[PDB]
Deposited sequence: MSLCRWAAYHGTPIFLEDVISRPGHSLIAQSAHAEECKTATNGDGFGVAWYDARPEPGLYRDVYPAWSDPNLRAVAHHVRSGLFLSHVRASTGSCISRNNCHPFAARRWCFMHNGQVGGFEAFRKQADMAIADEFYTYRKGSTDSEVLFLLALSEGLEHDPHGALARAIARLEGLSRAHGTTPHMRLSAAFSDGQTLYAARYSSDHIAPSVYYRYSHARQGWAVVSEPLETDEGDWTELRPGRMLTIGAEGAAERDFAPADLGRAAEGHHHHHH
């Protein structure tokens, strides 16, 4: 389920790169998603070949990324047994953001729940709370594993990524500053291995890349 994210000097989307969310001219991200693979979609291939962005998310409706207002979001993993409690997960979304609920995935819930929990002014705390809530519903109505999560998300100025699991397995996250691109890449699995090592983001951690550089912070579902 490879994903990749970028924050730095603008590059062509392809130079990292189904679904892409990118920032360019607007505070809202452009969003492109279809059920065709990077290779079967000449439109996606043309966009990725022609559009440049200094902040974007890409990920191999129920396709990521998701976007609402200034924010976009993508997630690798699962909430265990989700289909057995989808209704209650849906019911937990605030009215304000419910209009953005367009498909039936757990990923989309996690995003809208994080918005409902204050993602706009408190991304760490809000994601932390949304995860606690969904993990609790999984423990109540679902199955193992209750929460497996690697996610990337942005407000169009800062790029975030978090990795967490209710057990010992967590979808992987790596990041590295590219001197050749002059910006940061964050990925589910390391690609370019000629230009320096990738730094693993450990489970239970949140990465923030913004005006100060890249910094990590402890991350666990809210008390």
| property | result |
| --- | --- |
| Unmodelled ranges, which are counted on the deposited sequence from position 1 and given in order | 1 to 3, 21 to 45, 89 to 98, 262 to 274 |
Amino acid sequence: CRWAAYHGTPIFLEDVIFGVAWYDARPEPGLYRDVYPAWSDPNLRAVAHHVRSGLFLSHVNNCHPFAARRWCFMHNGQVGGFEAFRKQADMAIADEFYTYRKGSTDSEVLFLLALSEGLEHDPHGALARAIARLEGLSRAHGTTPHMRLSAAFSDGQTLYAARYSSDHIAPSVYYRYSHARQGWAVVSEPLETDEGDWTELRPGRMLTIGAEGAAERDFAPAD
From here on, numbers count along this sequence of modelled residues.
item: Stretch with the greater mean C-alpha B-factor as recorded in the entry, comparing 28 to 36 against 154 to 162; value: 28 to 36
item: Options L55, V51, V173, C63 - largest CA temperature factor per the record; value: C63
item: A21 by Cα B-factor - lowest, middle or highest third of the modelled chain; value: middle
item: Lowest, middle or highest third - CA B-factor, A185; value: lowest
item: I209 - Cα temperature factor, lowest/middle/highest third of chain; value: middle
item: For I11, the third of its chain into which the C-alpha B factor falls; value: middle
item: Chain-wide C-alpha B factor ranking for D122, given as lowest, middle or highest third; value: highest
